[PDB]
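The chain below stands alone, shown as structure tokens; this is the form solved without the ligand.
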């Protein structure tokens, strides 16, 4: 008891049998048979593509890859900005159990190399604007046998398109509607290899088995935790396909037969006009697009009467920004949640209606969550703050070729340890403790760490900084920082302290001093890791 474990309710829609490829194949085939059902719409070029087109090409890419030689022992990379084509090789691979590692058109060569060094792909699908970078990475990773151009019909600079590639390898009388996807073990066959960003150091490869997608397809249909399947539902999605939010909303939308309208370059008017003209029900935004829309004054120009929901997925939002965005859009609130790459998608989610101010949401079906004491690891009770831990069928199988990082994160009982601080209240709402609102407190007077961090990031020789409060006794807290120097530059602690003092009131002085590090510790979300910053400076002095 262990009435202190917060458990998700029963799913509205049971977990269905099959691989992710099989459930996607089955749903999309039914939508393919209704002419004119729109799967994806490109807001920039205004072209629609139907489920019939989308199913037939994905089916053909699956068989073409199968005949080329790929099976559950291979991985592909899809390297492209959001596009009408992005999900064709993705769906094709899932149909035959080939693992997919997404990457973006505009990631630098260094980022692509490390990502694809982890995923080690036999075949790369790339858009025209990513070709040169994939070529340059290929000469450094010779497991890359074949490059296929996504946004072309003819061959392109000697390389095959998806359309000519399919034609080289399909059997003579191939029938898209007789194809059957590979059956295989959903628990161990890897569906996605997602990149991590995440904590400190190099991005890791998060391996996600087909099961996580299949569980997510239950969430997508849920009237409480996902989207109610009404006909002519359209989503305006402005989030990258190659992070969890965009990858797994989209796969779920395809299961549901929805129209997915895409924007890959954000523009204010195009966004608002697309909400209006496409009669969008739900919009997906990256967190800093929420702050953008808190400032927009054009929203009242548009007829947004069909708009029911703006969502941020796994990213928590401050109460201030969310309320402001809800108010600008005349919504009762916004849909928030908390998830990690390592959880596939959001595992805490705002329940429909059941929103509470400042809450991030509630535990999703199939999941349980707890908070634990940061010293004993013992499960805490109501309204007590500890580390958030979660357990469920959407947790990754692990990091690709790094069981050390895996076992350090997931315990012997399957609890993932988030590194983030949370509590739950009496109604089972969760709250994520935001580092930015934890004020440092010096003889009465409080300072936001991000204020000082901003002062420090201003200096030409300071590359990165993390500010937290050093416990003192005399004092309460002394503001103190870990500082990452810019390559080449030399600074002393007294130099940095003198610089801050010359920019802040005397209460906000950096009396705790400075500890030079190589990197500011970050959590799995990418936000600064205050607890570890504090540890570093305690150990130092």
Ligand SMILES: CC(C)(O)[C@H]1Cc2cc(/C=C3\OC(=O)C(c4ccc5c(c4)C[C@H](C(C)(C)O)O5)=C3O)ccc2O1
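Note that the rigid core is defined as the largest set of C-alphas that superpose within 1.5 Å between two forms. Residues that one form lacks are left out of the comparison. Numbering follows the first chain given and starts at 1.
A second form of this protein, the form deposited with the ligand bound, is not displayed here; the remarks below concern that form.
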| property | result |
| --- | --- |
| Placed ligand check: the ligand in the deposited complex, overlay by site C-alphas, backbone/C-beta within 2.4 Å | blocked |
| In the deposited complex, the residue from 253, 293, 271, 156 that sits within 4.5 Å of the ligand by heavy atoms | 253 |
| Among the candidates 315, 234, 148, 422, the residue which, in the deposited complex, approaches the ligand to within 4.5 Å (heavy atoms) | 315 |
| The ligand contact at residue 82 in the deposited complex, heavy atom, 4.5 Å | no |
| Partner contact for residue 245 in the deposited complex: the ligand, 4.5 angstroms, heavy atom | yes |
| Contact test in the deposited complex: residue 74 vs the ligand, heavy atoms, 4.5 Å | no |
| Interface membership of residue 226, the ligand in the deposited complex, 4.5 Å heavy atom rule | yes |
| Proximity to the ligand in the deposited complex (heavy atom, within 4.5 Å), stretch among 98-106, 375-383, 168-176, 336-344 | 336-344 |
| Members of 406-428 lying within 4.5 angstroms of the ligand, judged by heavy atom, in the deposited complex | none |
| Of 418, 161, 227, 104, the one whose Cα moves 2 Å or more between this form and the one not shown after core superposition | 104 |
| Runs in sequence order between this form and the one not shown, three or more residues long, with CA shifts of 2 Å or more on the rigid core | 104-106, 313-315 |
